[PDB]
Amino acid sequence: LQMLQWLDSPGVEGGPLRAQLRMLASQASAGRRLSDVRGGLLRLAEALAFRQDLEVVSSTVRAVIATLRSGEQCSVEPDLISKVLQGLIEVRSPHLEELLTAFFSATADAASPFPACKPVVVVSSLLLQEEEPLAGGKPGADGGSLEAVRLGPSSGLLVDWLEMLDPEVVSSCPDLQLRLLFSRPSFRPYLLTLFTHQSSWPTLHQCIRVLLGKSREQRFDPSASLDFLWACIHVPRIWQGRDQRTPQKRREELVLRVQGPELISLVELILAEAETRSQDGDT
Amino acid sequence: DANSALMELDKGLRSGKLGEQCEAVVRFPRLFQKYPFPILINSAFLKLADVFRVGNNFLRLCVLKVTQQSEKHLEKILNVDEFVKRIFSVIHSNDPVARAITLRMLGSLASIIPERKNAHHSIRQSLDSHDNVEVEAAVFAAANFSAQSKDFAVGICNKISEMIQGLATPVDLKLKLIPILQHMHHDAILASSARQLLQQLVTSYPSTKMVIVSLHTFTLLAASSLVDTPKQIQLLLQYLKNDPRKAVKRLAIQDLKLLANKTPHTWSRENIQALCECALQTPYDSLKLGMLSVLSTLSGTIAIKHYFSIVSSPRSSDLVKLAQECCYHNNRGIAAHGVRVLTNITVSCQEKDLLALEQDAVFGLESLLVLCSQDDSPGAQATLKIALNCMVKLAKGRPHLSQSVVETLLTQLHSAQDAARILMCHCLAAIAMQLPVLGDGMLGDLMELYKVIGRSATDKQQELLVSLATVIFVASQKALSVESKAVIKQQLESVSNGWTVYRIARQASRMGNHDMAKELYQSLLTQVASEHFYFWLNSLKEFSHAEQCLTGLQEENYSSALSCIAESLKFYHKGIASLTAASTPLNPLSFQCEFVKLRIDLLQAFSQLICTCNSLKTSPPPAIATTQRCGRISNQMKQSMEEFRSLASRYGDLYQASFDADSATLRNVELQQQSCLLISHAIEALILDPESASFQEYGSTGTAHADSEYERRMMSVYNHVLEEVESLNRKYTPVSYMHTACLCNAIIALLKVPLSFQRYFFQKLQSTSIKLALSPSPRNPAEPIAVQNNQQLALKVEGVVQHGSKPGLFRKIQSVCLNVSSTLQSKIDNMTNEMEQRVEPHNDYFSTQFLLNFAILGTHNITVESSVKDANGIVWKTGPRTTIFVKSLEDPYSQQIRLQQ
Amino acid sequence: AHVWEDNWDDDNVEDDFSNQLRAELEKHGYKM
Amino acid sequence: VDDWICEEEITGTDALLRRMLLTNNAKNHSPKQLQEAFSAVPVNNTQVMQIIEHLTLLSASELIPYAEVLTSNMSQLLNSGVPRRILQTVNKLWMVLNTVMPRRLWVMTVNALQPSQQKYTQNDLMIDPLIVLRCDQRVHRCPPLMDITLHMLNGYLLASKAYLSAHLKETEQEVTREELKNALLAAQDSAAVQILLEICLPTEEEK
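Protein chains in written order, with the working numbering: chain A, 102 to 384; chain B, 1044 to 1944; chain C, 735 to 766; chain D, 590 to 796.
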């Protein structure tokens, strides 16, 4: 029976003439699945799982809404249904694979967090389809999901998608991105060494003035900020051909010029680092 | 003309032009390949060194290329220190490209200088430099030193840890520096520190690029340091399961593939459960193919036996059901992997509640077959390969399915294209070769299929006739009918290439159908456009004629035995004359001539034996003088002992001197030698001292591998002759006539089972030779080396091995036994210095030191013999047999002292 | 990836002697 | 030697590993696809970054057909606002293409980096190599394009040495001509050095 069904399915795939035999095969598969659900108990899908896979493969329909399916998927996410979520995700992916439409910019963040919370097997393709023909600011949703949602592995993909679609490190939304890089995460060093070697020099100077600026809120982590300073001093593009490790100790080669209040802010920041002392000690 | 090439190319090296120097430098690797001896290697490498020292930075890249290519000759350099100093004298220059080239040269030279400290200091100093080409060359040389040195490994562990998580040195450089951590397996705590750093890196830089590089590095560390490979297999299962990215999953696939190929015994049960479970709920198909490819490679080893180990019903196990729905999947490759898994479960461990899967297994194969027959694409061709290999293995493991197996195959031999007839004929050939009882069950059906090929296409036609007539010869285990010969003959008269008929003729000579071999060899004899090929085909024709004469025998008829033996000897002698005429200096056919000569000697031993059995009926009981051996027949059968034992020794000598044949040719030589031992034991148990036999064959006479039908019929004949010998042991008189009848029936039984010209008679796959350039002074021709007759002669034999192709295909050289001997050529004869030494080659080189004591007065004859020892342990007697001449002079003061004394 | 291990006739397993034999033997292309 | 030494094996065949595990289906990208990706009337740097980042992994022989679109579209890569990976990765792709098709690449890059038009050939570039230093004003503060220009200038200086030697050797039908060629080469290299050092000055607009 499995060999006969596999032979019939290859003919249905090859024989794309009007899909009438495809409809007959789908009806036969639905009837066989109903009979197997009604009668088959001990033989738990030894060959009926092949029929289930064929029915899932033949159910690749095209959604005609492509806007209300996000709400249906969000409702299915609260209901905690696996096959319903898989069918909804497969329907949403084919609809996005069609001609582009106007997607909502509010429910997309909730839908992405729902497929990232539960283990979704089709998360990457759905995210690629949603971010390819995106009718809105995808970087804001990606940054919000990265900063707020504490997804363990999948956030790494989100990190990739950040650098995959935001050309610089800072392009359009500076505030959320600055609080993403500097806070009071685990992906922080990669994006920070990016921003060391990614951004244009005027943008780097804008960040260096806003970072060591006068601010009593202490919105930036001192370790990341100070290491960003020390990296910007010794970028290999600055010293790309200078003779190395034969200097004069009396001579000073180059420095970075900052202002008086910049010096005061930097020294109070480094002493605020030095006053933490959770377990480090005096030495 | 060995150093003359060196002076020519170094005359090219002393030009003032960059082009001629570059031409000589890049011509050096051919000269390296032509003479591989370390005198030339050392000289040319020192010349390359002091050309590298002064150069315009483009010669340096060429010498770097030559050093990269000729890596296996690097251990032959003698003056290592001068070479490395001349190379190292460029690090202190100020051109960064020249420095980078010199660090790359150090990285290439890493094998010969593992523990040079200034090299490590230069790598560390240039490693944190600012010129990018210097940095990249430093990472290359750090990778190449870190694979061999340990102190370098720990210091560079600290340094590369700092520069990877130093947050400068951008992401491309980090990707370049993680393989430094890959090469870092030398010590336990070093490996643990590298493991912690890699775990921190993979959780700290969660990208697509760095995760792939770090995971490949981490698994090379795991496969190098076999202390916690299960931990990495575990971590790979969480990375393959809980990660949304796709390329990371693909590395997890190729990673588990490498780990299952390397160390499959460490795969635990829950690891296979996790891999199968992750293979179920995947939505993609390429990922499905990858995981089940990993499980298919895991199914061919002892991991299944660990998986199906006692202390759940194995029907409910995840692997078998996963194998079922991927065997019944739409895609061809996943079906091939699944049917491999199911076949491997069937061939493996024999628990009762798996046997039902056997049925599923066989149906799966034919289902897959009818999917992949009518497609004609290289992917479908590979699916045919995989399916037919599974068919062979499935029929091999469980013979009681096998008959069903073969009949299903014949069904798809009715309706498939010209590329599917082949390899199905090959599968039938293998199955009908080792297990013969099914072969006849085809017989005539192949006839009508062969008839269809009368009107088939032309492009793949010749190979297809070759395959069909080969499986015809294999299936005809007893004989071929005259009508079968007629239909085969008329079909290849209808259309043939001329080389196709040669392949059919040699297949028939292999299997034992020598009459069709006769006819096709006639056809070849009228053909063909060269001298020695004509003589070769004439020799093969004569051999086929003698073997048909040997097939024309009748049991219990000694007259026909003498007649047909005489016909076989005369046809073999026309054939051996043709073989001797066919021998060429370029192709010195040595196996064929010796095999045919010993076959002739075996049949003449049989002829003298049969007429000696006739002598008891052709002479008196003894004489009137004799009234415990009486008569000339006792002396004649003692001569039969001498001849048969010498013949067995000569068969052994032919076995030991080949080393380049396959298993089948060697086993056939063993069959002939065992026939000689059989007849020798049979005679020395019946007539010549029955008293001290007392054995009655106290060894096993059954449960044989039976790799060929000829082997099986040989073993049956051997067992029958030994049964006749045990029964007729000590009942009758020492001369007797049941004894002579026993020898007669033994000779008839040996000559009834025809012959098998094996693969090494026709084609040679592996060619291995040894050089052994003797250098005491190498002499010239008749000029002998002068020795002073108060000191020994330091012979200094040195050798190199030459491989024809695919280095070692069947057997691999483990050690080589050089033997030396002397001989007083003036006329024991100087046996006092027979010497033996064992050599283990490094790459190809043999270097030993031999001292030969020439003491008496005269001209002595040094002979040098080689003897290859293989991996299993069998010694093989090949070698050039090199001879050299020495003259022994005397000191005039010593001569006057001996005259005065 | 080969089905028959003792196959005498693979894609390229032909030694030199058989190579010149094939070269001088496929050219004629007729058999009586 | 720089072009051949950037071809060498770096550490562990990481590039081979990437071309094994990331370019399974890159046949969708085409030179003309990059052509309208560049020539969009807004500046959508995301899709061109997509295409070029996928173009990193290809071999140089497979990267030959994209030389036309890359070289023709270098000139757009000078406006204030281009992201830095576009410049750096076009520099990397130019370095990859420099290993296979160097002369045609250089003569095509001269005709694109010129200010905004004269179409220049290889003979004019070998006669005079200072047109390489006659590029756009914005090239002087774009580090990847200046790196390309510097490799190009060094190559054309060596080219002019070989060309003057060959033209002197052919047109004999001798010491004075040889020393005149030596003086021309010396003054030529000195002029190239002086123009480079004057590029190294800070401009008066930023001072």
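Quick reminder that beta carbons are idealized off the backbone N, C-alpha and C, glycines included.
Query	Result
Check whether the Cβ atoms of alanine 1792 of chain B and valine 1768 of chain B lie closer than 8 Å to each other.	no
Determine, using beta carbons only, whether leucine 1412 of chain B and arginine 1464 of chain B come nearer to each other than 8 Å.	no
What span of residues does the alpha helix (DSSP H) with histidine 1116 of chain B cover, start to end?	No alpha helix (DSSP H) contains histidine 1116 of chain B, which DSSP labels as neither H nor E.
Is the Cβ of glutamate 1536 of chain B closer than 8 Å to any Cβ of chain C?	yes
Could you say which of B:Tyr1753, B:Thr1746, B:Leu1729 and B:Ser1743 lies nearest to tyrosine 1775 of chain B if we only look at CA atoms?	B:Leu1729
Does any CB atom of chain C fall closer than 8 Å to the CB of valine 1435 of chain B?	yes
Determine the closest residue to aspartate 1934 of chain B out of B:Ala1914, B:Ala1829, B:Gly1922 and B:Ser1169, with distance taken between C-alpha atoms.	B:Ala1829
Taking DSSP as the reference, what is the three-state secondary structure of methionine 1485 of chain B?	coil
Considering just the uninterrupted stretch of the alpha helix (DSSP H) at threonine 1623 of chain B, what are its terminal residues?	1601-1625
Determine the contact status of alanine 1317 of chain B and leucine 1338 of chain B, defining contact as a CB-CB distance below 8 Å.	no
Does DSSP put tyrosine 1577 of chain B in a helix, in a strand, or in coil?	helix
When you compare the region 1841-1852 of chain B with the region 1806-1815 of chain B, are there three or more beta-carbon pairs, one atom per stretch, that lie closer than 8 Å?	yes
Hey, could you find the ends of the alpha helix (DSSP H) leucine 1808 of chain B is sitting in?	No alpha helix (DSSP H) contains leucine 1808 of chain B, which DSSP labels as neither H nor E.
Based on the DSSP secondary-structure assignment, which residues constitute the bridge partners of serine 1864 of chain B?	B:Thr1906
For the region 256-287 of chain A, list every residue whose C-beta sits within 7 Å of some C-beta in chain D, in sequence order.	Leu266, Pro268 and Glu269
In chain order, what residues of the same chain have a beta carbon less than 8 Å from the beta carbon of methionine 1684 of chain B, not counting five sequence neighbours either side?	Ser1723, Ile1726, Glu1727 and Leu1731
Could you tell me which whole alpha helix (DSSP H) segments of length 4 or greater appear in the region 1146-1174 of chain B?	1160-1170
What does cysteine 1470 of chain B touch in chain C if you count any residue whose Cβ is under 8 Å from its own?	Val737 and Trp738
Do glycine 1209 of chain B and the ligand NAP come close, with the Cβ less than 7 Å from some heavy atom?	Of ligands this structure carries none, so the ligand NAP is not represented either.
Of all the CB atoms in chain A, is at least one closer than 8 Å to the CB of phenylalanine 1261 of chain B?	no
Consult DSSP for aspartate 1913 of chain B and reduce its assignment to one of helix, strand or coil.	strand
With DSSP as the reference, label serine 1890 of chain B as helix, strand or coil.	strand
Give the residues of chain B in contact with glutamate 598 of chain D, contact being defined as C-beta atoms less than 7 Å apart.	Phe1183
Tell me which residue opens and which closes the beta strand (DSSP E) that residue 1949 of chain B is part of.	Here chain B has residues from 1044 to 1944 only, and residue 1949 of chain B is not among them.
Give the interface partners of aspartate 1286 of chain B over in chain A, defined as CB-CB distance under 9 Å, in chain order.	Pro254, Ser255, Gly257 and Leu258
Contact criterion: CB-CB distance below 8 Å. Does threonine 347 of chain A meet it with respect to chain B?	no
How would you label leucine 1299 of chain B, buried or exposed, when you count the other beta carbons within 10 angstroms and need 16 or more for buried?	buried
Alpha carbon to alpha carbon, how far is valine 1094 of chain B from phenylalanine 1088 of chain B?	10 Å
Give me the chain A residues within the contact set of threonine 792 of chain D, using Cβ-Cβ distance strictly less than 9 Å, ordered along the chain.	Under the 9 Å cutoff, chain A gives no residues; its nearest Cβ is about 16 Å from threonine 792 of chain D.
Residues of chain A with CB under 7 Å from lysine 1202 of chain B, in chain order?	Correct list: empty, because the minimum Cβ distance to chain A is about 14 Å.
Consider the Cβ of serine 1250 of chain B: report whether some Cβ of chain A lies at a distance smaller than 8 Å.	yes
In angstroms with no decimal places, state the Cα-to-Cα distance between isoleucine 190 of chain A and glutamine 128 of chain A.	23 Å
In chain order, what residues of the region 673-704 of chain D put their CB closer than 7 Å to some CB of chain B?	none
Does DSSP put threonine 760 of chain D in a helix, in a strand, or in coil?	coil
Could you check whether the Cβ of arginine 1546 of chain B sits closer than 8 Å to any Cβ belonging to chain C?	yes
DSSP has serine 1692 of chain B in a bridge; who is on the other side?	In DSSP, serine 1692 of chain B forms no bridge with anything.
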